[PDB]
Amino acid sequence: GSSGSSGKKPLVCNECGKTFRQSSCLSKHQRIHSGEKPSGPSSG
Ligand SMILES: [Zn+2]
């Protein structure tokens with residue numbers, strides 16, 4: 001009875017490694033590591 005194993009991957013901060021439940025949560029948290037938005041040759 002294979003469930004499916006399609007996806008449904010959790011949302012974790014690739015910066016620290018903290019998993020979250022909501023999408024806005026993780027993101028609103030990532031801002032802590034990443035300052036302004038990625039413009040270009042400025043940040044990276
Ligand atoms: Zn983080």
# chains A, B, ... in the order shown; residues from 1 in each chain; ligands from 1
call {"tool": "residues_near_ligand", "arguments": {"ligand": "ligand 1", "cutoff": "9 Å", "atoms": "only C-alpha atoms and all ligand atoms", "output": "list in words"}}
result
residues 12, 13, 14, 15, 16, 17, 18, 19, 26, 27, 29, 30, 31, 32 and 33 of chain A
call {"tool": "write_last_selection", "arguments": {"atoms": "N, CA and C atoms", "output": "PDB file, in the first residue's frame"}}
result
ATOM      1  N   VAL A  12      12.263  24.372   5.914  1.00  0.00           N
ATOM      2  CA  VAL A  12      13.335  24.597   6.877  1.00  0.00           C
ATOM      3  C   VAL A  12      14.308  25.659   6.378  1.00  0.00           C
ATOM      4  N   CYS A  13      14.854  26.436   7.308  1.00  0.00           N
ATOM      5  CA  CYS A  13      15.800  27.491   6.964  1.00  0.00           C
ATOM      6  C   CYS A  13      17.149  26.901   6.562  1.00  0.00           C
ATOM      7  N   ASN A  14      17.484  27.025   5.282  1.00  0.00           N
ATOM      8  CA  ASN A  14      18.747  26.505   4.770  1.00  0.00           C
ATOM      9  C   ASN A  14      19.928  27.290   5.333  1.00  0.00           C
ATOM     10  N   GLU A  15      19.627  28.330   6.103  1.00  0.00           N
ATOM     11  CA  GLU A  15      20.663  29.162   6.703  1.00  0.00           C
ATOM     12  C   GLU A  15      21.073  28.620   8.069  1.00  0.00           C
ATOM     13  N   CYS A  16      20.083  28.230   8.866  1.00  0.00           N
ATOM     14  CA  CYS A  16      20.339  27.694  10.197  1.00  0.00           C
ATOM     15  C   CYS A  16      19.873  26.244  10.299  1.00  0.00           C
ATOM     16  N   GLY A  17      18.753  25.940   9.650  1.00  0.00           N
ATOM     17  CA  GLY A  17      18.221  24.591   9.679  1.00  0.00           C
ATOM     18  C   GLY A  17      17.033  24.456  10.612  1.00  0.00           C
ATOM     19  N   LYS A  18      16.148  25.447  10.588  1.00  0.00           N
ATOM     20  CA  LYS A  18      14.963  25.436  11.438  1.00  0.00           C
ATOM     21  C   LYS A  18      13.707  25.164  10.617  1.00  0.00           C
ATOM     22  N   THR A  19      13.013  24.080  10.948  1.00  0.00           N
ATOM     23  CA  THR A  19      11.793  23.709  10.242  1.00  0.00           C
ATOM     24  C   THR A  19      10.602  24.522  10.736  1.00  0.00           C
ATOM     25  N   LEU A  26       8.612  30.578   8.053  1.00  0.00           N
ATOM     26  CA  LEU A  26       9.988  30.346   7.627  1.00  0.00           C
ATOM     27  C   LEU A  26      10.559  31.580   6.935  1.00  0.00           C
ATOM     28  N   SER A  27       9.879  32.032   5.886  1.00  0.00           N
ATOM     29  CA  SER A  27      10.320  33.201   5.136  1.00  0.00           C
ATOM     30  C   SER A  27      10.544  34.390   6.066  1.00  0.00           C
ATOM     31  N   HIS A  29      11.231  34.486   8.776  1.00  0.00           N
ATOM     32  CA  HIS A  29      12.334  34.175   9.678  1.00  0.00           C
ATOM     33  C   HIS A  29      13.671  34.255   8.948  1.00  0.00           C
ATOM     34  N   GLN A  30      13.675  33.842   7.684  1.00  0.00           N
ATOM     35  CA  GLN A  30      14.890  33.866   6.878  1.00  0.00           C
ATOM     36  C   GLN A  30      15.464  35.277   6.800  1.00  0.00           C
ATOM     37  N   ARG A  31      14.580  36.267   6.731  1.00  0.00           N
ATOM     38  CA  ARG A  31      15.000  37.661   6.651  1.00  0.00           C
ATOM     39  C   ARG A  31      16.035  37.980   7.725  1.00  0.00           C
ATOM     40  N   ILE A  32      16.058  37.169   8.777  1.00  0.00           N
ATOM     41  CA  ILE A  32      17.000  37.365   9.872  1.00  0.00           C
ATOM     42  C   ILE A  32      18.434  37.131   9.411  1.00  0.00           C
ATOM     43  N   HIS A  33      18.610  36.180   8.498  1.00  0.00           N
ATOM     44  CA  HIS A  33      19.932  35.858   7.972  1.00  0.00           C
ATOM     45  C   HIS A  33      20.248  36.706   6.744  1.00  0.00           C
TER      46      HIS A  33
END
call {"tool": "select_by_dssp", "arguments": {"residues": "chain A", "states": "strand (DSSP E)", "output": "VMD selection string"}}
result
chain A and resid 11 to 12 19 to 20
call {"tool": "write_last_selection", "arguments": {"atoms": "N, CA, C and O atoms", "output": "mmCIF file, in the first residue's frame"}}
result
data_model
loop_
_atom_site.group_PDB
_atom_site.id
_atom_site.type_symbol
_atom_site.label_atom_id
_atom_site.label_comp_id
_atom_site.auth_asym_id
_atom_site.auth_seq_id
_atom_site.Cartn_x
_atom_site.Cartn_y
_atom_site.Cartn_z
ATOM 1 N N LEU A 11 9.290 23.044 5.345
ATOM 2 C CA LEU A 11 9.971 24.316 5.124
ATOM 3 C C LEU A 11 10.989 24.587 6.227
ATOM 4 O O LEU A 11 10.629 24.984 7.335
ATOM 5 N N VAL A 12 12.263 24.372 5.914
ATOM 6 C CA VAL A 12 13.335 24.597 6.877
ATOM 7 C C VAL A 12 14.308 25.659 6.378
ATOM 8 O O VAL A 12 14.558 25.774 5.178
ATOM 9 N N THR A 19 13.013 24.080 10.948
ATOM 10 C CA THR A 19 11.793 23.709 10.242
ATOM 11 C C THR A 19 10.602 24.522 10.736
ATOM 12 O O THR A 19 10.523 24.873 11.914
ATOM 13 N N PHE A 20 9.677 24.820 9.830
ATOM 14 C CA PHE A 20 8.490 25.592 10.173
ATOM 15 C C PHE A 20 7.227 24.906 9.660
ATOM 16 O O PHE A 20 7.296 23.971 8.864
#
call {"tool": "atom_distance", "arguments": {"atom1": "CA of residue 5 in chain A", "atom2": "CA of residue 28 in chain A"}}
result
28.3 Å
